[PDB]
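Take a look at this one chain, the form deposited in one PDB entry, written out in structure tokens.
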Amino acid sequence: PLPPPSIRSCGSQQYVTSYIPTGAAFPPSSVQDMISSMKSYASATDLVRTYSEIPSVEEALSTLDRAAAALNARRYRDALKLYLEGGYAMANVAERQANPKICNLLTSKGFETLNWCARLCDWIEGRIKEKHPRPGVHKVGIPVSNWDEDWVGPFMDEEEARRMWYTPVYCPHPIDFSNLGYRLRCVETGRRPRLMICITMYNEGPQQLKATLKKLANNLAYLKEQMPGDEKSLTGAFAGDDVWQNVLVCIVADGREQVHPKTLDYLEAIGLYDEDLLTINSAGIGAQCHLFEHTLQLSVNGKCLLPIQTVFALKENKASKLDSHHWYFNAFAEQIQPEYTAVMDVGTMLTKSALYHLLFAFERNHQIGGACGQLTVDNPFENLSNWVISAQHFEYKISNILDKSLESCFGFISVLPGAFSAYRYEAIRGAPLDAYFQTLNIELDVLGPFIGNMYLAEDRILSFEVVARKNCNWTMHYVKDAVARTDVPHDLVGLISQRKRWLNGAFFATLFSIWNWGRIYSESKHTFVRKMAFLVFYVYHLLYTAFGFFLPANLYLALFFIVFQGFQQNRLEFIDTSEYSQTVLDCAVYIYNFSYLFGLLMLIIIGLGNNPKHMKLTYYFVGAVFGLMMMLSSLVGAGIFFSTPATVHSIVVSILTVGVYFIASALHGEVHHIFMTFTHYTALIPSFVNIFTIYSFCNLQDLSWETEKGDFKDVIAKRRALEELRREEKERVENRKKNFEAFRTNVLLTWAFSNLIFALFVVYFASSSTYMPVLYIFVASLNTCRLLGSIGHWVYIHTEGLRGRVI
């Protein structure tokens, strides 16, 4: 027992040294005397009280946010106190404001907060039994700021025409959207739309959204304009004068931080967004996302389009596109219960007939479980001086025609991103969607790296699940007339990144399909003929994948043998090289080999090294070298072919190898595009193969993703527990990244060394006369099969319409 040290200025002075003896426990009387001998504090207290006299909006919002954070932490008394303080603060502040909208919104928010406080107090007392109590749902409808008086439509109720509705949601698991008591305007008003469209958006300019909305309005107008009484005309819910009431459009953004500000300005202009309402009404909830609802009316030039029922959902935090599809499908589809479900991106500009053709196919066939339309490049002929655009145009046309026709003949399509794809909401409701969202429900550690890698491009999983669903026989189909025009990158780097993601997804989806093909026979219920056809397609798929795996080696072998060994060993027919100094003959081969090897080494180093945006010059240089090489090879090959007097074998091989493209293009009426873009596509084949495959394989690493009071010892334990949990989480993340990197490295090494070993063995132990015929036979077989598939698809599409009466 000793008096405290005589130090009354601890924070007043600059530096003070003191000694605090522990174990004495002090006398209470001395401490009380020390406390009573201080009078300055009163002044400070008075000042603080004066400062505390007046509240402010910022303080109220901050207190409400802290209350929400406490409520999420399961501490209820502190949440109640903060909620009461915030409610009283807002109620007091609301009178100061001079803007009527702010005054009304603040008054409403204060009343809601006070009612929630009363309900929470009643629950804490034990009067009401609930689990996870939350503030009640309260959607607010307000007049639209700008309204076009000079607009003519079919008919619009004033409540629907001039009021926009808003509500923030908290639902953490989207499957519980309906249980928690949320509702939509369409369901509330009694309308039951039959078709739904999802338009995912992330970091886009207003122009793309404007074009997409205009095109959708044009499609609705065309659907309305069709006359009844015809065989072609649709019957039922898609007739005229009421079509706009059976279609709903959902616009799902990805995150408030990443949204382009001009997009928000445009959305607010058309009456679908308001910052003040979001700021005020979302204070206490801690919403996961906020949804606005309207029936927007658009006017372009002097023509007024049709009204569109629109729901705009904006998520609070950035997530994957699969998360947006999860929200859309589960919440909105399970609530509305539509019949069809269309998926597209932002910027996809449809033609006037896409919806009509899709609905016509779905209604006529009754066996189609899904459909995809044709994809096209916007303005291909304009600016033909650009080679990348022309190459992409040729690739799209040929891929569509040949591959899509061949795959749609058998009734199984591997849709390529990002198409405008429609599924009927009866074949995907159960197991297929469960397998679709498996990544979002299970952490990557349990699944493994192989399962996680394939979901980067996730459409093919849905396609395969629909085709092989248990106790059902669902088949897919391809519609030629559903044309969707997109925009393509103008440079190499964006194309490289896009092809990287496409190739990763395609490769691992193909591996999964080959692994699990047996489920069609083991579980599904198809016809026997369908099973035999699927077996034949399986054999073809295996052969095609195996040939595509060894493509760089085959390209190198073909170029080397034909061109350079013809020059060296005098096999070019239009010139004789028995002369010359025996130095040029070897020099050609040496130059070719050294250039090819150095280019491959540089490309792999750069691709595995850094992002392909600050290495533009090197990629351009390598592409130019490879393009010049390919053009030289093409000219030499054409000369060699023309010089030969020709034979039946030669002409048959030439036809079945090269002319299949032109024959199939002429059969379907699209021949001029091939003529325009064949030369441009020919000069990018080595670039395509080498660069895109190497960059895709190198960057496979791109993985995605309660005590109120207390004493001192509790504080120490809490801090230690938090530190332990943080360290364990960091360790787990490290382990996951290590596993994924190891897997990608093993795959890349296997691929590269397989190609190199095959090339070396074929070069050293084979001749140019015992190898080329095998390659010719293989290529001819593949192209013959593709041509037969295309012809079969054309015959079916032009015959079934007339011959379906019998069957």
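One-based numbering along the sequence shown. Throughout, rigid core stands for the largest set of C-alpha atoms superposing within 1.5 Å between the two forms.
After a core fit, the C-alpha atoms in 4 other deposited structures of this protein lie farther on average from the shown form in one of 627-635 and 415-423, namely 415-423. Two stretches, 573-581 and 366-374, are weighed by how far their CA atoms sit from the shown form in 4 other deposited structures of this protein after rigid core superposition; the farther one is 573-581. Among other deposited entries of this protein with both flanking residues present, none omit coordinates for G804; it is modelled throughout, well short of a third. When the other compared entries with both flanking residues are checked, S37 is unmodelled in at least a third. In this entry, no coordinate-free residues of the deposited sequence separate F381 from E382.
This protein has a second form, the form deposited with a small molecule bound, left out of what is shown; the following refers to that one.
Remark: of stretches 83-91, 144-152, 414-422, 622-630, the one touching the small molecule in the deposited bound form is 414-422 (heavy atom within 4.5 Å). Among the residues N504, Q438, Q335, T200, the one placing a heavy atom within 4.5 Å of the small molecule in the deposited bound form is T200. Between the small molecule and the residues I270, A361, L703, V346, the one pair within 4.5 Å by heavy atoms in the deposited bound form involves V346. Within 4.5 Å of the small molecule in the deposited bound form, a heavy atom is found for not a single one of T107, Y166 and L278. Under a 4.5 angstroms non-hydrogen atom cutoff, the small molecule in the deposited bound form lacks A342 among its neighbouring residues.
Although the partner is absent here, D487 is a contact residue: one of its heavy atoms lies within 4.5 angstroms of the small molecule in the deposited bound form. None of the heavy atoms of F678 is located within 4.5 Å of the small molecule in the deposited bound form. Shown alone here, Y592 lies farther than 4.5 Å from the small molecule in the deposited bound form, counting heavy atoms only.
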